[PDB]
Structures are given as structure tokens and as C-alpha cells.
Engineer: 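Have a look at the structure that comes next, please.
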Amino acid sequence: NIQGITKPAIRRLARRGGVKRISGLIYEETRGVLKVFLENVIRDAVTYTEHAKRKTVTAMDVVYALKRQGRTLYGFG
Amino acid sequence: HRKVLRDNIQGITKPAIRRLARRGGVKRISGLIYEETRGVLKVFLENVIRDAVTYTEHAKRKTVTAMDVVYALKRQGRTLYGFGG
Amino acid sequence: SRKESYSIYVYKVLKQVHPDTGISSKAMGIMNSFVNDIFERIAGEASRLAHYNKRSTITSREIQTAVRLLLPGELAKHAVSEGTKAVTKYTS
Amino acid sequence: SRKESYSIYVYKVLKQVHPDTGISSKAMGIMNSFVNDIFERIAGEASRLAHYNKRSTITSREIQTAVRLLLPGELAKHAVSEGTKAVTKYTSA
Amino acid sequence: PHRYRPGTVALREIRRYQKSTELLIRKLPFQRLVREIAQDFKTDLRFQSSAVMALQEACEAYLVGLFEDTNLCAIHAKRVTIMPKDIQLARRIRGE
Amino acid sequence: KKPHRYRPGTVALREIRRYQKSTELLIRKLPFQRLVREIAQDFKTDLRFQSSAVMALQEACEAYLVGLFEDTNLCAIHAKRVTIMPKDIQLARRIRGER
Amino acid sequence: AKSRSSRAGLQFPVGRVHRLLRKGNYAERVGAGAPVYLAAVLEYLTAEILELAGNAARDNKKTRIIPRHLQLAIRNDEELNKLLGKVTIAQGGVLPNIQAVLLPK
Amino acid sequence: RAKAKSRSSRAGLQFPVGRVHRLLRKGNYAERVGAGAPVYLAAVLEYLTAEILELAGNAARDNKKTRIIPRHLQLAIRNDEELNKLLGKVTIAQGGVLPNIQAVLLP
DNA sequence: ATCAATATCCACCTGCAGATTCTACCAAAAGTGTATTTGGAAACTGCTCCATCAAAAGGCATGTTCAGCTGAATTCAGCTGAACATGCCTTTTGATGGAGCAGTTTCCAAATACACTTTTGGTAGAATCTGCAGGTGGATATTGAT
DNA sequence: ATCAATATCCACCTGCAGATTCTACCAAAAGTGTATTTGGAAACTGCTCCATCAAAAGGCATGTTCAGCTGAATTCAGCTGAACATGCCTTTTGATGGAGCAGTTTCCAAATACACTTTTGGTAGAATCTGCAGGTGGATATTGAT
Ligand SMILES: [Cl-]
Ligand SMILES: [Cl-]
Ligand SMILES: [Cl-]
Ligand SMILES: [Cl-]
Ligand SMILES: [Mn+2]
Ligand SMILES: [Mn+2]
Ligand SMILES: [Mn+2]
Ligand SMILES: [Mn+2]
Ligand SMILES: [Mn+2]
Ligand SMILES: [Mn+2]
Ligand SMILES: [Mn+2]
Ligand SMILES: [Mn+2]
Ligand SMILES: [Mn+2]
Ligand SMILES: [Mn+2]
Ligand SMILES: [Mn+2]
Ligand SMILES: [Mn+2]
Ligand SMILES: [Mn+2]
């Protein structure tokens, strides 16, 4: 499912980041980087879900998971 | 009172900066690094000391304690071990 | 059935500073996040200040020291002044 | 004046894992710092867990979740097993 | 036939995507990835709609910021092309 | 009849190994103490310091600088240099979030 | 008869802030001036952000502030940017900024 | 009146359960503290302390020393992926750094 | 360094859907009045450490010479990545049920709080115990001129 | 490829600064009993999600062509490392007052507690009114030909 993150979507993110020219090997590298990040956040978000004895991951569970990883997110409280 | 303290950032000598860089793995050093390093350190030290003295003043003390510095380092994300009790 | 937020107070401040400007729902949610974030930052630092000094009370003095620690530069000086002015007006 | 520390408990664990090894006072000061840091980390996260879930009690369940949040990988699983073992041993009087 | 020179459209794309705010990854494949990752930690999970959006806002903000740092690293080496070694240097210095 | 001379970089490599094996503080104690007191005095006059507070500050500042010289070195090597330069420090501090 | 907010000259709620301080496990006791001081600081910071962001909404012919305006307001102000340096504003995007060496010629 | 049985001994622990309980009670973490919480916390702290002392005693034996010093703690922490991650933002006073020369610098 | 052609960007328009603002009702939160308690400031004061000076030798900073080798500057081809037309399939959008959790309220058994009392584990300082820091010298490895 | 120079490695040595053990007082943990609080099992009830199906739009995958960027190769002057003479100022240990933390006691200004009233903010639907989907026309920039 990580290949569902397509090369043009990765280019659009790089463009938002100001990048003009992109090596061909970047797309697989970005997928590996994204996967680690998503795994770390989701691992904690689910730990919060289990603690509340819920079966539904909430926006708050994600917000708390992002916060304790130093990446505070505004807009979903 | 003591003789007034001035220009002490120059006490951070080129050989001490070199030794610090060696511990950091650095083999070769541009001539301009020494003045840059002093400015970076001055900013770092000022920031920690500012917060340390805020804790001291809040406690209504006149003596900066090790704990005041530990607390200042901690709230800047640089937790320091070894200076408690 | 009843969920609290800072939205009406953010709206009241907005109308003081820009009387005929509005705010979108999503932008309001960001403002709510912002107030709660700063509230926890200052209250958390004030709690540690009281504990470090073995006091059981959070006073305006702990809030002021927390503000000096947490806010940068000029923002701190204007926040300390606003805080001190509000306490004075309230005390009279 | 009377100052409390974790020094004697660190020393007893040291003697369990290395019966003929000592420790310098500066290294002991690092161990005390370490114990106090992790204590504040776990208790702080447990306090938020209880608050998020509108509980007024920090129970061993909050300690366990905080440990799962705060410790990486294998460390978490070994700490959870020791923690769970100590509580079961403790509740059986 | 009309053909822009290499890099003219890239610069147009930078300007376009730095002025806008919409999400750049497609919704369904990201939604599918989140659930797959979530399965390896706990099975049978449901997700609030807004939780998936929070995760997508966070991952894109993270990737954009990382691409900015990666770009500085490429430019530092006298290049205009980002390469995996630029991402790796940037992630090493970030402490990741 | 020629006096012995090591090649440029051989003594530098000897020093890396020497200082990465040891743990002593690398800035002289008394000049560091004078620096701390000068900076603190400009924030509040008439301060005293516990001896261990000056030492805590020196431990923290030397670890910070060593860590920064590590990142600075990676940046110089990334540009195919073995010499660290101010633009390496500035890049490292920019990516670290200090700038 | 008068809310504590109005006696302090504030829009932000003193009563509610006091209650949140009491129930957040910050300390066994909360003095009377602390929620007034805290409410005033929060009101001030909110005013500072809404001022700069209201500006952004008018420069693009909008009656309503949106997150992009908050993001431009925050990131173009050195102190606000530092205070919120580890904060993500959803739907805020980034500042327009192309490194010079990438421009043509 | 019954014998006093230490809560540390009842849990099979070296770290002090009673003291941990008091520190939890007075740190304003919650209005109430459950009976198993200080037992679980003390056991985790004891476990992690054993993990660090195990590796640090090994490092001190690798340099033929009977006494652990901060350098051994630092070598122990930074040579272990998980301890290094847990203490990633921690400075160990007098710990120095790991030997490490980038390859492109060797002669 | 300019012209002619081409393509994209950027205001500006209407008309209308939908997001936001507006209004009124009402649990719940905030405020009030009155009583009562207490954390902690003020005023002491004992007693750690902190500031400062002192002495004196040698560890180390400094400033210089000189030359190795590095960074800077330049050229260029071959290979990669950008731009683009094309055509296909994944996503998007919409619809429809219904399965499944959150969420809510109530009520005791079980849990934790806390004043009082008893006991002992943990601390400070004294008394012992001992690694290892330096001090020395020889084997070996590395380095660099030859 | 082989010597001299030099550094680093590596055992060995002991006494004393620092670590460990001893000792006795006592603060805090534990025991007891009683008061108070809470988490959770039971029985629900709407409401978000998940599942399913469907068409079609528009975004992606692909293949082709070549521009221009990256990496390689090359040259060189001048920067920075290595080595050293010179001499200063850091280091170490101690003295000596005394600044200022801490420890203790007393006692209110400010805190909590509680019954009761007043007000407010959240909510939902109606009533407003802003963006925005596309379409247009001009601004502006890019590109190739000179
Ligand atoms: Cl107060
Ligand atoms: Cl428990
Ligand atoms: Cl690469
Ligand atoms: Cl530079
Ligand atoms: Mn063992
Ligand atoms: Mn009463
Ligand atoms: Mn009292
Ligand atoms: Mn000497
Ligand atoms: Mn000199
Ligand atoms: Mn070179
Ligand atoms: Mn070519
Ligand atoms: Mn005993
Ligand atoms: Mn030795
Ligand atoms: Mn007593
Ligand atoms: Mn005095
Ligand atoms: Mn109202
Ligand atoms: Mn449009």
C-alpha cells in the first residue's frame, strides 16, 4: 500500500518544500521515510486507544500521539 | 567587589575550540571557525543562564544553584545528568 | 451534549481588533488549539515552579515567572504588562 | 539536614548484577538523575492519561500505558513484564 | 511545437504549490496505508474520519518540512537536485 | 640530518583519537568561570554561584559544542570537504532548528 | 453581579480559567490573581495573532480569516514563529520561498 | 499488632515502594493514587537501573576496572540502540563520546 | 537585446449553495455571602559555603615560520531527469443499509484517604578499606625520509 | 623496503583520596480503624463508521526526446597544520570573613468550604451573506529567431 503514495504526489510535496529537481531514487526513499513516521505516530495513537478501552482511533488519540513526539498539531481538538 | 569582567568570551581560546572539534571528529578547521564558535557559544550560554537566573530570582535567592541550571537546561531540551542532590 | 471551547472569547477579541472581519470554522479550531496549548504550557511551568520551591499554591507570581520563561523577548514584556494591569484592575 | 536519594537501591541492584563491581560517586549521581528523570516521565504521562480519560486515580494501568508510550521496543516489553509480575506478587500478600 | 525548457515548469510548480494549502496525497491510498499500518499494532480498529485527516495533515507537513531541509543540503553541496544522501544527512542532523 | 615532521593531518588524527577516548573538560576552568559571571552579571547584579552550578554549565556547553562540531563535520564532508567552515555550522544550526 | 472577567477588563474568561487551573492537577491551591493574570496573557496573545491574521484576510479580499492567514501571520513574525516553532497549523501551507540559486539565469 | 512487612519485600523489589508512593502522592499527578501504581513504577525503575548497570559493569570490565565511572555509563548507553533512544536528549556529565572517525578522513 | 508568438497567471464577474451569524431556551457553571482554616511571609538565627586573596611552578597559550595539500575554479560529456502526448484505471463521488460502539445513568462492592500510633529502614558522619592514578620502562606499531 | 623517529600499547608498582562499611538516631513507612470516593456491570440508545455497489472524471502510468546538470578530471596559490621559543596565567590548596541559605516560630492575609442565586455559553434552526465554480480579458513571462 506504500506504493499507493505515487511519484507525482511525492513531487507535489517536494515542490511545496521548494525543490526544483528530484533524483529518481528519491521516491522509494520518501516512501521509507513516510512509513517510519506513520508507524511511530500510529503505534502511540493506538496505545492511547487501547488505554481508553475503545475500538475507534479518534482525532484526539492522534493529536496526543503527535504531541508526545514533539509535533503538536493545531485544528483537530 | 571584584575587578570588572570584560571581553571574557575571548577566554574561549583557539586551542580549546580545536580540542572541542577534535572530540567532535573534526580533522581540519577554517580560520573563521573560532570567531563563529564564540558567537554560537555566547548565545547558548546566555540562553541557559537567563533561564537559570529567572529560577533563582523566582526563589528569591541571590545564589544560582546547580539545580537552577539543571532546570534551565531541561526546559531547553538538554537534560543534564549528574548534578542533582 | 455540551462541549466547551474558547470560540466566543476569540470572537470577542477579533471584533475589538478587526470589527468587520470574520473567521472560518477551521480557523477557529486552530485558535482553540492555540489557547489550550499556551494554557497548558504556562500552567505546567507554574506547577513545576511551585513544586521546585515547595509551595502548594499557584499564584500570579508563578504565572509571571512562567511567562518570562516561555515567551520570547518582546512578547514576554507585553504579556507581563497585560497580566499585571489586569490583576491591578481586578484588585481595585 | 537530611537528603534522600536512590543511592542504596542503585547499589543493591548493582551488587545483584555485578557482585564484585563498585561505582564512583559521580556515576552514582548520574544514576540518581536517571531514576528521577524516568520517574517524572512515567508519572507525567500517567497523569495525562488519567486526565484525558477523566479518571481521578493513577493506577497500575496508567503506569503500564505510560511505559508503553515512553520506552522503545524490547525495553518496554521487559519493563511491562517486571511491573506486572511485581503487582501480582504484591497483591497475593 | 511549444516546449518549456527543463526547470521552467518545475519553478511554476513550486510557486503553485507554495501558495495553496490543499492536501497533496490522494485520500483513498493514504486511508488504505493508515489502516494497514494500524493492523500490525492492534486488529479490528475503526477510525474517525477526522483522525485520518489529522494523520494526513501531519505526514504532509512533516514531508514538506523535510524536503525543505533536504533542499538546503543539496544546495550546500553545489547541487540543485535532491538525492537520498541529502535526505539522510537532514534526518541525521534532525536527530531522526 | 633532517628533523622529523609528521604530515599535515597525522597529528590532527592523533588528537581526534586522544580526545574521543578521554572525558576531561576541554575549556580552561577559570576563563569559563569568568565568562559565566560576566554574562550572569548583565542579567542581574550581585549574583553568587554554587561551584557546582558553574561546572554544570561547563558540562552542558562542552557537550553542546562537541555535538555541534559532529553535525558541522557531516555537513562539510557532504560538500566533499574535510575542512569545517562557518557555512557548515550555519547549515547544521539551521537544520537543528536553532536558526 | 459582575463577572470576574469584566472587573479585570478582559474578554477571556477568568472563572473558567480558574476552574481549569483547579482541575488540571497543577497545585493543591490556586490564588485569586493567577487566573486573572493567565486570562490576560492568553487574551493578549490571541489579540496579537488575530491582528496580523485579520490583516492577511483583507489583503486577499476575504471577510473571513482562514488557517492560511493564521499561518502567514505566525510565520512572518519572528517571535510568534519561535513561540510556535514546533506547531503544525492544519491547512496553513508554508511561506512562498524559492532559494535564489534555483532561479533562472 | 502485626509485624511490619515492607511493601518492597511484598513485591519482591529492591526499589522502595513506599517512597515511590509518597512521591506520586505529593507530585500533584492525580487526586488519588492506586495501590498497585507505586509497585509497578518502582519495579520499572529498578528494571531499567539493572539494565544500565549490567552494560556499564561490562564496559568497566572491558577496561579492567572494578569501579563504574560516568564514561562506562556513556559507553553503555550510546552503544545500545534502545537505551540511546530513551536517553537521546540526555547529557551524561564526564561521559565523553564514542570513538568515531568518519572514513573519508583516514589517510 | 530586441520582436513575434505562445502559454500561464491573475483579477474580476455572476449567481447560489452552503457556511457562518443570529436568536431564543435552559442545564450547568460561575458568582455571592458567610463562615472557618491555613500556607507561608516575617522575623529571627545557626552555620554552610561562597568570594577573595595568597603563593609558586609548569602546563599551556601565543605568535611565528614554512610548506603540504586543500579548496577553489574551470572544462565537458555522458547520462539522468524534465517536459509532453497519450490512453487507461484508480480515485472520487454518490447512494443505501445496518452493524457496532460510544455514550449515559444508576448503585454497591471494593477501593483509597487519612488521623493516630508504632516501628524500623535510611541517613549522616565516623571509622575503615582499597582501586587506581600516576609514575616508570620496555615491546610493538605506525609513520615518513630515504 | 628498510632504519630512525616517535607514539602508542601494556604490564608492573604503591599510598592516599575517594569509596565502602559501620553505627546509632529518628523521620517516614507501615499498621489500624473509619470515612469517603469511584470504577464498573447492567441495560440501553442514537450515530458514526464500515460495507457495498455504481459510473465517470481526471489524475497517473507510460514512452519518447533532448536539455542541461552532475561528476570527473585538472591545475594551483595560498591557507592551515606541524613544530617550536617564549613567558604568562591557570591550577591547586588554604585562609578568612561573612553573605546568605536554611531552620524555627508565630500568626494573619488569603485560602478553602458550602448553601444558595444569578448568569452564561452551548445548542439548534432560521435568517444572512460569503466564497467559489467556471468563464473572461488582460498582465506578464517564456521561448525561439535575429
Ligand atoms: Cl494569586
Ligand atoms: Cl493500582
Ligand atoms: Cl544518494
Ligand atoms: Cl563559509
Ligand atoms: Mn550478573
Ligand atoms: Mn463552613
Ligand atoms: Mn501552618
Ligand atoms: Mn604547577
Ligand atoms: Mn605568550
Ligand atoms: Mn580538492
Ligand atoms: Mn549533450
Ligand atoms: Mn535497623
Ligand atoms: Mn595509568
Ligand atoms: Mn521525631
Ligand atoms: Mn546574615
Ligand atoms: Mn449568551
Ligand atoms: Mn476559479
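Atoms considered below: every heavy atom in the structure, side chains included; atoms not considered: hydrogens, waters and symmetry mates. Proteins come first, then strands; the chains are lettered A, B, ... in the order of their sequence lines, and each starts at number 1.
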Engineer: Tell me whether the OP1 or OP2 atom of I:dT48 has a side-chain N or O from F:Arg48 closer than 4.0 Å.
Structural biologist: no

Engineer: What does A:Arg11 touch in the nucleic acid at a heavy-atom separation under 4.0 angstrom: a base, only the sugar-phosphate, or nothing?
Structural biologist: sugar-phosphate

Engineer: Between B:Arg18 and F:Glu15, is there a salt bridge with N-O shorter than 4.0 Å?
Structural biologist: no

Engineer: Please work out if E:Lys19 contacts a base, only the sugar-phosphate, or nothing of the nucleic acid, heavy-atom cut-off 4.0 Å.
Structural biologist: sugar-phosphate

Engineer: Taking only side-chain nitrogens and oxygens of C:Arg55, does any of them come within less than 4.0 Å of OP1 or OP2 of I:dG39?
Structural biologist: no

Engineer: Based on the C1'-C2'-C3'-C4' dihedral, does I:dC22 have a north or a south sugar?
Structural biologist: south

Engineer: Hey, is the side chain of E:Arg3 pairing donor to acceptor with the base of I:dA83 inside 3.5 Å?
Structural biologist: yes

Engineer: Closer than 4.0 Å, any side-chain N/O of B:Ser30 to the OP1 or OP2 of J:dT80?
Structural biologist: yes

Engineer: Once you apply the 3.5 Å cut-off to both distances, tell me the Watson-Crick or G-U wobble partner of J:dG131, or none.
Structural biologist: I:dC16

Engineer: For F:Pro31, report the nucleic acid contact type (base, sugar-phosphate, nothing); a contact means any heavy atom under 4.0 Å.
Structural biologist: sugar-phosphate

Engineer: In the strands shown, is I:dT91 matched to any nucleotide by a Watson-Crick or G-U wobble pair with both distances under 3.5 Å, and which?
Structural biologist: J:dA56

Engineer: Positive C1'-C2'-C3'-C4' counts as north, negative as south. Which one applies to J:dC12?
Structural biologist: south

Engineer: Between D:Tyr9 and I:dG122, is there a side-chain N or O to OP1/OP2 distance below 4.0 Å?
Structural biologist: yes

Engineer: NA contact type, G:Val30, heavy-atom cut-off 4.0 Å: base, sugar-phosphate, or nothing?
Structural biologist: sugar-phosphate

Engineer: Just name whichever nucleotide pairs with J:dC84, Watson-Crick or G-U, keeping both distances under 3.5 Å, else none.
Structural biologist: I:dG63

Engineer: Less than 4.0 angstrom between a side-chain N/O of G:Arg16 and OP1 or OP2 of J:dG122, yes or no?
Structural biologist: yes

Engineer: Do F:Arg14's NZ or CZ and the ring of F:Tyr6 fall within the cation-pi criteria of under 6.0 Å and 45°?
Structural biologist: yes

Engineer: Examine I:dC49: is either OP1 or OP2 under 4.0 Å from a nitrogen or oxygen in the side chain of F:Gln50? Give yes or no.
Structural biologist: no

Engineer: Give me the ring orientation class for G:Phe12 and C:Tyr9: parallel if the planes are under 30° apart, tilted from 30 to 60°, perpendicular past 60°.
Structural biologist: tilted

Engineer: Could you tell me whether the side chain of E:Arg26 has a donor or acceptor atom within less than 3.5 Å of a complementary atom in the base of I:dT91?
Structural biologist: no

Engineer: Map D:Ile23 and G:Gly31 onto DNA chain J by nearest heavy atom, then report which one ends up closer to the 5' terminus.
Structural biologist: D:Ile23

Engineer: Is the distance from OP1 or OP2 of J:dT20 to the nearest side-chain N or O of D:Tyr11 less than 4.0 Å?
Structural biologist: yes

Engineer: So what does G:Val14 touch, heavy atoms closer than 4.0 Å: a base, only the sugar-phosphate, or nothing?
Structural biologist: nothing

Engineer: Mind checking the P distance from I:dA51 to I:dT128? Whole angstroms is fine.
Structural biologist: 37 Å

Engineer: Please work out if A:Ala9 contacts a base, only the sugar-phosphate, or nothing of the nucleic acid, heavy-atom cut-off 4.0 Å.
Structural biologist: nothing

Engineer: Write down the distance between NE2 (G:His18) and P (I:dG31), rounded to a whole number of angstrom.
Structural biologist: 10 Å

Engineer: Going by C1'-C2'-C3'-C4', which side is I:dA111 on: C3'-endo/north or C2'-endo/south?
Structural biologist: north

Engineer: Between F:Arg37 and C:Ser24, just flag the one whose closest nucleotide in DNA chain I comes earlier from the 5' side.
Structural biologist: C:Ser24

Engineer: Using Watson-Crick or G-U wobble geometry with both distances below 3.5 Å, tell me the partner of J:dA1, or none.
Structural biologist: none

Engineer: For the pair C:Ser7 and C:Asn32, evaluate side chain to side chain contact (heavy atoms under 4.5 Å, CB included) and give the outcome as yes or no after the intermediate values.
Structural biologist: CA-CA 7 Å; C:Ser7 309; C:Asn32 255 269; 3.1 Å; yes

Engineer: When you measure from the side-chain N and O atoms of H:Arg22 to the phosphate of J:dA29, is any distance below 4.0 Å, counting only OP1 and OP2?
Structural biologist: yes

Engineer: How is the sugar of I:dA73 puckered by the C1'-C2'-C3'-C4' sign, north or south?
Structural biologist: south

Engineer: When the P atoms of I:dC53 and I:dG125 are compared, how many Å lie between them, rounded to an integer?
Structural biologist: 31 Å

Engineer: Mind checking the P distance from I:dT38 to I:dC116? Whole angstroms is fine.
Structural biologist: 12 Å

Engineer: Counting any heavy atom closer than 4.0 Å, what does H:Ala35 reach on the DNA or RNA strands: base, sugar-phosphate only, or nothing?
Structural biologist: sugar-phosphate

Engineer: Under a 3.5 Å cut-off for both distances, is J:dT75 Watson-Crick or wobble paired, and to whom?
Structural biologist: I:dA72

Engineer: Is there a side-chain contact between H:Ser6 and H:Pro16, using heavy atoms and a 4.5 Å cut-off?
Structural biologist: no

Engineer: Scan E:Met83 against the nucleic acid and name what it touches under 4.0 Å (heavy atoms): base, sugar-phosphate only, or nothing.
Structural biologist: sugar-phosphate

Engineer: Starting at OH of D:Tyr6 and ending at P of I:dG122, how long is that distance when rounded to a whole Å?
Structural biologist: 12 Å

Engineer: Does I:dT23 have a Watson-Crick or wobble mate here (both distances under 3.5 Å), and if so which one?
Structural biologist: J:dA124

Engineer: Go ahead and name the base partner of J:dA113; Watson-Crick or wobble counts if both distances stay under 3.5 Å, otherwise write none.
Structural biologist: I:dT34

Engineer: Please state whether the phosphate of I:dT48, meaning OP1 or OP2, lies under 4.0 angstrom from any side-chain nitrogen or oxygen of D:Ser1.
Structural biologist: no

Engineer: Indicate whether OP1 or OP2 belonging to J:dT32 is found under 4.0 Å from a side-chain N or O atom of H:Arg1.
Structural biologist: no

Engineer: If you compare every side-chain N and O of C:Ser56 against the phosphate oxygens of I:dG40 (OP1, OP2), does one of them come in below 4.0 Å?
Structural biologist: yes

Engineer: Report the residue (F:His4 or H:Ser8) whose heavy-atom-nearest nucleotide on DNA chain J is the more 5′ of the two.
Structural biologist: F:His4

Engineer: Check the distance between J:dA61's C1' and A:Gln3's CD and give it to me in whole angstrom.
Structural biologist: 14 Å

Engineer: When you measure only distances, ignoring hydrogens and angles, does the side chain of F:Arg5 come within 3.5 Å of the base of J:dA83 through a donor and an acceptor?
Structural biologist: no

Engineer: In whole Å, what is the span from the CZ atom of B:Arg19 to the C1' atom of I:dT62?
Structural biologist: 13 Å

Engineer: So what does E:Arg32 hit on the nucleic acid, given a heavy-atom distance under 4.0 Å: a base, only sugar-phosphate, or nothing?
Structural biologist: sugar-phosphate

Engineer: Using the side-chain heavy atoms of B:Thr13, tell me which of these nucleotides is nearest: I:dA61, I:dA124, J:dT142.
Structural biologist: I:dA61

Engineer: Would you kindly compare G:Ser3 and C:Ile58 by the position of their nearest DNA chain I nucleotide and give the one closer to the 5′ end?
Structural biologist: G:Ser3

Engineer: How would you label the contact of F:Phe32 with the nucleic acid (heavy atoms, under 4.0 Å): base, sugar-phosphate, or nothing?
Structural biologist: nothing

Engineer: CD1 of E:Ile75 versus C1' of J:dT70: gap in Å, rounded?
Structural biologist: 15 Å

Engineer: Starting at NZ of A:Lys55 and ending at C1' of J:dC47, how long is that distance when rounded to a whole Å?
Structural biologist: 16 Å

Engineer: Mind checking the P distance from J:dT105 to J:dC26? Whole angstroms is fine.
Structural biologist: 16 Å

Engineer: Determine: side-chain N/O of D:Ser25 to OP1/OP2 of J:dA19, distance under 4.0 Å, yes or no.
Structural biologist: yes

Engineer: Respond yes when some side-chain nitrogen or oxygen of C:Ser7 is under 4.0 Å from OP1 or OP2 of J:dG121, and no when none is.
Structural biologist: no

Engineer: For B:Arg61, answer base if it contacts any base atom (sugar-phosphate contacts may also be present), sugar-phosphate if it contacts only those atoms, and nothing otherwise; contact means non-hydrogen atoms under 4.0 Å.
Structural biologist: sugar-phosphate

Engineer: Is any side-chain nitrogen or oxygen of F:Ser51 closer than 4.0 Å to OP1 or OP2 of I:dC50?
Structural biologist: no

Engineer: Round to a whole Å and report the spacing from CZ of F:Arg14 to P of J:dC9.
Structural biologist: 11 Å

Engineer: Applying the Watson-Crick and G-U wobble criteria at under 3.5 Å, what pairs with J:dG98? Answer none if nothing qualifies.
Structural biologist: I:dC49

